[PDB]
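Each remark here refers to the structure printed beneath this line.
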Amino acid sequence: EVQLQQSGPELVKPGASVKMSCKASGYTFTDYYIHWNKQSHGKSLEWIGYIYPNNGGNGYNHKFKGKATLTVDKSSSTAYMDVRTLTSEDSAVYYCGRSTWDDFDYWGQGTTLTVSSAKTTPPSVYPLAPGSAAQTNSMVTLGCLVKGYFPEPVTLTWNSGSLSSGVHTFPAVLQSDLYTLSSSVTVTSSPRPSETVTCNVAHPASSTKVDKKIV
Amino acid sequence: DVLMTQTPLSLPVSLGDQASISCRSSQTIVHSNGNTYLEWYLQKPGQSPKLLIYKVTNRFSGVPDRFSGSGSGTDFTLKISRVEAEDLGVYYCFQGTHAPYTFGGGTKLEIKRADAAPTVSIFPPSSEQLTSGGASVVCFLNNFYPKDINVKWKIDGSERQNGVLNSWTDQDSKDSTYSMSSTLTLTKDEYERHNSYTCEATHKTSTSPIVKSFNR
Ligand SMILES: c1ccc(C2(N3CCCCC3)CCCCC2)cc1
């Protein structure tokens, strides 16, 4: 399968530059154009330009020409976008897409680019038990509070991944430039407290993993 | 640059119903090769846009037959027969005829259904947060519908607002509801100085609150 492994969220101060890539496996990297698209705050979509991996033929949207630089690595099947002169407006989700002469094909997963002059500050994971809400005797709701972490990416998980049903992980809101997440797993009375419910939080930009539980 | 306008911005529909998302071009996007490059993308939340329809009329490999696009050079329409739950997401039309290639604004397909009163949960400050010095009172209003549903935090009866951050989870695709999180954050300092915490839930399902509370 056309597995485009576009990857890595990362933050960069303004003025700086960044180089993101897409791995094309499953096919002939030289046969299809690789395109670059900008998904601005999970909302707006804009086209940056393309690159064709057999001759290096390329083109850009005049609006991204002064900051975008597209290149390819033919021997390792990878395309790269170089974003430079990074002001706040550059922080966004960038997709890499495959296109035949006529149409787009498979888009890559996505790259998050936080343009920030700020530091990386790990999440404070405080576990939540009831004692005051919808009783624990039939089906109970537990929570995990991930607060005060920067930058934006953290994934909340449960029971080593051994509790995927009934979980509501809400998005994050930013307090004074920190992000606060909260998720909740509605489990049976039998499970908590009888059994262990472990909250697994991960935050790349700080190398922070903390597996928690409660009373 | 060719402008792409996607009406409606938001389209609510129930299950088994039909949906029609329009997209129009500031000018013809019929290519000289004699082809119209208008694409239809469906981006599910927490995902990337995937291709549904290419060249107005054609459907991508493995896309269900319920989606059908059509249009005339300047006006296009994506059509859905019997909206299903997994059809939530933002719908996009794209033009790869004139450069630079533009994307239409997008369209929201939330799914209408039967009202559901939220299962409300309240959580006092966990132990570590106190030892550390702050206090966060959390409240999970899960599995509800419709979306407009207010939450007022009241301390010892008195309404409270500043220090509260609410977050909405996207409309679940398996059941068609929402979940919200309200977190009354207040310094342990101002917290120990009180007894009861009320997370009240106003909403449009049954016109009567669901109140959760705790006292320290
Ligand atoms: C390089 C290769 C293909 C294109 C597209 N288009 C194909 C038909 C003819 C006009 C340009 C539009 C953008 C998405 C891919 C298709 C642009 C640039």
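Here the protein sequences come in this chain order: B and V. Just so you know, the first sequence maps onto residues 117 to 331 in our numbering. Just so you know, the second sequence maps onto residues 6 to 221 in our numbering. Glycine included, C-beta positions come from ideal geometry on N, C-alpha and C.
Residue j beta carbon less than 8 angstroms from that of residue i
i	j	result
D120 of chain V	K209 of chain V	yes
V118 of chain B	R214 of chain B	yes
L146 of chain V	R165 of chain V	no
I85 of chain V	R64 of chain V	no
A208 of chain B	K154 of chain B	yes
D22 of chain V	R87 of chain V	yes
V18 of chain V	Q48 of chain V	no
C212 of chain B	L120 of chain B	yes
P243 of chain B	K328 of chain B	yes
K113 of chain V	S213 of chain V	no
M185 of chain V	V156 of chain V	yes
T257 of chain B	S323 of chain B	no
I34 of chain V	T82 of chain V	no
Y42 of chain V	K55 of chain V	no
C204 of chain V	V125 of chain V	yes
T285 of chain B	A318 of chain B	no
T203 of chain B	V231 of chain B	yes
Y148 of chain B	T216 of chain B	yes
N171 of chain V	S187 of chain V	yes
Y150 of chain V	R198 of chain V	no
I150 of chain B	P169 of chain B	yes
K152 of chain V	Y202 of chain V	no
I215 of chain V	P123 of chain V	yes
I154 of chain V	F219 of chain V	no
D198 of chain B	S133 of chain B	yes
Secondary structure of residue i, DSSP reduced to three states
i	result
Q134 of chain V	helix
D198 of chain B	strand
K193 of chain V	helix
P54 of chain V	strand
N171 of chain V	strand
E205 of chain B	helix
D92 of chain V	helix
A321 of chain B	helix
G277 of chain B	helix
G213 of chain B	strand
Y42 of chain V	coil
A119 of chain V	coil
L146 of chain V	strand
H284 of chain B	strand
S160 of chain B	strand
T230 of chain B	strand
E268 of chain B	coil
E311 of chain B	coil
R29 of chain V	strand
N153 of chain B	strand
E117 of chain B	coil
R64 of chain V	strand
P243 of chain B	strand
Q291 of chain B	strand
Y59 of chain V	strand
Proximity test, residue i beta-carbon vs ligand 2 heavy atom, cut-off 7 angstroms
i	result
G78 of chain V	As presented, the structure is devoid of ligand 2, carrying ligand 1 as its sole ligands.
Neighbour list for residue i in chain D, Cβ cutoff strictly below 9 angstroms
i	result
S73 of chain V	Absent from the structure is chain D; the protein chains it does hold are B and V.
Against chain B, which members of the stretch 131-148 of chain V pass a CB distance test of less than 7 angstroms?
Close to chain B, meaning a Cβ-Cβ distance shorter than 7 angstroms, are the following residues of the stretch 131-148 of chain V: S131, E133, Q134, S141, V143, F145, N147.
Along the stretch 103-130 of chain V, what residues have a CB closer than 9 angstroms to any CB found in chain B?
Flagged, chain order: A104, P105, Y106, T107, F108, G109, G110, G111, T124, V125, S126, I127, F128, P129, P130.
When you check each C-beta in the stretch 245-272 of chain B against every C-beta of chain V, which residues fall closer than 8 angstroms?
Near chain V, meaning a CB-to-CB distance below 8 angstroms, the residues of the stretch 245-272 of chain B are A245, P246, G247, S248, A249, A250, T257, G259, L261, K263.
Taking contact to mean 3 or more Cβ pairs, one atom from each stretch, closer than 8 angstroms, check whether the stretch 265-279 of chain B and the stretch 226-240 of chain B are in contact.
Yes, they touch.
Please confirm if the stretch 213-230 of chain B is in contact with the stretch 248-255 of chain B, defined as three or more CB-CB distances below 8 angstroms between the two stretches.
Under the 8 angstroms Cβ criterion, the stretch 213-230 of chain B does not count as touching the stretch 248-255 of chain B, having fewer than three qualifying pairs.
Taking 8 angstroms as the cut-off, does the stretch 154-172 of chain B touch the stretch 101-111 of chain V (at least 3 CB pairs, one atom from each stretch)?
The stretch 101-111 of chain V makes contact with the stretch 154-172 of chain B: 3 or more CB pairs, one atom from each, lie closer than 8 angstroms.
The stretch 175-206 of chain B: positions lying closer than 9 angstroms to chain V by Cβ:
Listed in sequence order: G175, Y176, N177, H178, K179, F180.
What are the residues in the stretch 177-194 of chain V lying within 8 angstroms of chain B by C-beta distance?
Residues passing the 8 angstroms Cβ filter: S184, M185, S186, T188, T190.
Counting Cβ pairs, one atom from each stretch, are 3 or more of them under 8 angstroms apart for the stretch 127-139 of chain V and the stretch 169-183 of chain V?
No, the stretch 127-139 of chain V is not in contact with the stretch 169-183 of chain V.
Evaluate contact between the stretch 6-13 of chain V and the stretch 53-62 of chain V, counting only Cβ atoms and requiring at least three cross-stretch pairs below 8 angstroms.
Touching, no.
For the stretch 167-176 of chain B against the stretch 184-193 of chain B, do three or more pairs of beta-carbon atoms, one drawn from each stretch, fall closer than 8 angstroms, so that the two count as touching?
They touch, by the three-pair rule.
Can we say the stretch 289-298 of chain B touches the stretch 24-39 of chain V, given the rule of at least three CB pairs closer than 8 angstroms?
Here the stretch 289-298 of chain B makes no contact with the stretch 24-39 of chain V; the two share fewer than three CB pairs at distances below 8 angstroms.
Please list the residues of the stretch 216-232 of chain B that have a C-beta atom closer than 9 angstroms to any C-beta atom in chain V, keeping them in chain order.
Those would be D218, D219, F220, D221, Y222, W223, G224, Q225, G226, in chain order.
Contact residues within the stretch 294-324 of chain B, judged by C-beta distance below 9 angstroms to chain V:
Within the stretch 294-324 of chain B, contact with chain V at the beta-carbon level (separation under 9 angstroms) is assigned to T296, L297, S298, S299, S300, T302.
What are the residues in the stretch 277-292 of chain B lying within 8 angstroms of chain V by C-beta distance?
Taking 8 angstroms as the cut-off between beta carbons, the residues of the stretch 277-292 of chain B near chain V are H284, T285, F286, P287, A288, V289, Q291, in sequence order.
Could you list the residues in the stretch 117-129 of chain B with a C-beta less than 8 angstroms from some C-beta on chain V, going in chain order?
Listed by position along the chain: nothing, the set is empty.
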